[PDB]
Structures are given as structure tokens and as C-alpha cells.
Amino acid sequence: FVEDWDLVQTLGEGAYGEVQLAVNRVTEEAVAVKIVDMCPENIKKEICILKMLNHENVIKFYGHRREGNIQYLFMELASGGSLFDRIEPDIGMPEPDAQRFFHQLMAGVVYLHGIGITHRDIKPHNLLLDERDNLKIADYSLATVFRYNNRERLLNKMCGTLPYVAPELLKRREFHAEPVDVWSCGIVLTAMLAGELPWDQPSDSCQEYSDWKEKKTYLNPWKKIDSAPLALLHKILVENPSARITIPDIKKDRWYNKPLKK
Ligand SMILES: C[C@@H]1CN(c2cc(-c3n[nH]c4ccc(OC5(C)CC5)cc34)ncn2)C[C@H](C)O1
Ligand SMILES: [Cl-]
Ligand SMILES: [Cl-]
């Protein structure tokens, strides 16, 4: 990046920093670049995690360039943009398209969980689409290790995005990482099927969250969602993380296994 790259436009922000669409001044190859003025501990950590990743539903990491204090992180550019931009406000998207994306989401989250990594900020802005509309989970700024040498560590830090965060994260000093990512996937599913988020945060003081706990599914967004995927959302958006559905049991759900698409 001495001046091999032209910064063409802003793609988005992660938890930490900004990512740009960079076009190479020599070959015109277009990539995404995250540019960070060196926290050194965090970016070091982000890089180490980014190097662990290799899966069809995780965004490709090309590498990094340290130049002065500033670190440059290079990634595959998602030619289909983000899932956020496929969700029509107040409508969502067609159910077969939502189910395919949800399958792919689950594949990527199983992969991360399997290498002991939790993402911590799953939401449509961070789920990217390639030229064939395959979903790729991006933005590892909040990702961390939850399992190492086969021993689980609990998480003890609040982070993410409020409409997507699980309730235990707001209430418990320490909590299990996997059920928090499961919960955010359910909020993504809700967005895809209804084009609207159900609550500002899953707290007792938020009426929309109380309404769900009281099973008022004749209200929006729930009323927009067919009974089969709603039944899955009933198992995912369970307040007590120990009673929440796990990914192996999502894979057995009726809707998850319903044939919808070519
Ligand atoms: C319309 C425009 C939208 N687009 C994109 C691409 C990307 C993107 N690619 N790779 C990334 C790697 C990391 C990344 O970290 C986020 C999710 C924090 C923004 C974004 C991208 N993020 C949004 N929009 C691609 C061009 C062709 O089309
Ligand atoms: Cl390990
Ligand atoms: Cl949305």
C-alpha cells in the first residue's frame, strides 16, 4: 500500500474502523481493505483469527501490510454486497431465498464454532454475498476464542449490536458464547422474513420484547412470518440460554428441512 492502491469508496464500518473498496494502481484488481491506525492488541488478535479461517461461507482474507503505525487488512471483495441490501424494508425477501441464506449462515457459524471461534456481531451488514449469492460471514473485529484445547471459556464482555444481542448478555456477568451467536442468527432470520427488527433490545423495559415473551404473535413482525419458520424462531429466541435450541437441533427443524427451492 506504498501507493499501489486507490481508495474508491466506503464499504462500511466494522465494530472497529472502516473498510474501503481499493483498486490496485497496477493491475486494477478490486479488493476490500480495512485500514487501522495503531489498538495494537486487538488488531493483532483480529489478524490471528483472520489467518485461521478457511471455509466457503467465511470471507477470504488475503493478508496484511504494516506501514508505519497503520495496518492494512486485505480481503475478498463481495461482488454481491451485503445481505442488508437484499432485505426490502417491511417486506423481507422470498421465503426460499431466506431459507438458503439461513442454511449458509448456519454452515458458516458451525465452521466458526467448530474451530472454537465466536463471531459476536452477526447481523445482515456483516453477511456478504459473492457473484453466485453465496453468503460469507465477515468482520472479525469482535471475534474471540471460546474453546481452546477442548475447554470452553465463558465470555464476560458486552459487545455487538443491541437489536441482535441475546438477553443474557445484558444480564449475566459471564455467559456461554454459542447461544449468543444462535440468537443473533434468529434475529437475522426475522429480518429476512419480515424486513423489520422485532425490538430495540431484548430487555424487560422494551415493550416489544415483553410482547414476544407473552406470545403475541398476532403482532408485527411475527404476523408476517409463516407458521413453519415462526415455530423455528420460537425455539431460537428463547430467553434462557440453557433452554435455547442448539445448531444440531436447528438442523432437525421442520422448516429448516422443508423443500422450497430448485
Ligand atoms: C454495492 C457494493 C457493495 N459491496 C460491498 C462489499 C463489502 C465487502 N466486501 N468484502 C468485505 C470484507 C469485509 C467487510 O467488512 C464489513 C462487513 C465491515 C464492512 C466488508 C466487505 N461490503 C459491503 N459492500 C461490493 C461492491 C461490488 O458493491
Ligand atoms: Cl485448541
Ligand atoms: Cl432489517
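The numbers used for chain A are those of Swiss-Prot, and the residues that appear cover 5-42, 48-271, in sequence.
The backbone N, Cα and C atoms fix where each Cβ goes, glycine too.
Annotated features in Swiss-Prot:
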type: BINDING; residues: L15, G16, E17, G18, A19, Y20, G21, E22, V23, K38; note: ATP binding site
type: ACT_SITE; residues: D130; note: active site, proton acceptor
type: CROSSLNK; residues: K132; note: ubiquitin cross-link
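Spatial neighbours are here defined as Cα atoms within 10 angstroms of one another, and by that definition the neighbours of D130 (active site, proton acceptor) among the binding-site residues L15, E17, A19, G21, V23 are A19. Spatially close to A19 (ATP binding site) yet at least six residues away along the chain are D130, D148, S150, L151, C168, judged by Cβ distances under 8 angstroms. Among the residues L15, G16, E17, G18, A19, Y20, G21, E22, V23, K38 said to bind ATP, no two Cα atoms are farther apart than 14 Å. In the deposited model, 5 residues between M42 and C48 are missing, and the Cα-Cα distance across the gap is 5 Å. Counting only the Cα atoms, the space from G21 (ATP binding site) to the residue listed as 'ubiquitin cross-link' is about 17 angstrom. Neighbour counts were taken at the CB atom with a 10 A radius for the recorded positions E17, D130; the maximum falls on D130. The Cα of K132 (ubiquitin cross-link) lies closest to that of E17, out of the binding-site residues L15, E17, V23. Counting only residues at least six positions away in the same chain, the Cβ atoms of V23, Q24, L25, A36 sit under 8 Å from the Cβ of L15 (ATP binding site). Other than the site residues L15, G16, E17, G18, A19, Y20, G21, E22, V23, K38, same-chain residues with C-beta atoms no more than 8 angstroms from the centre of those residues' C-beta atoms, the ATP site, are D148, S150.
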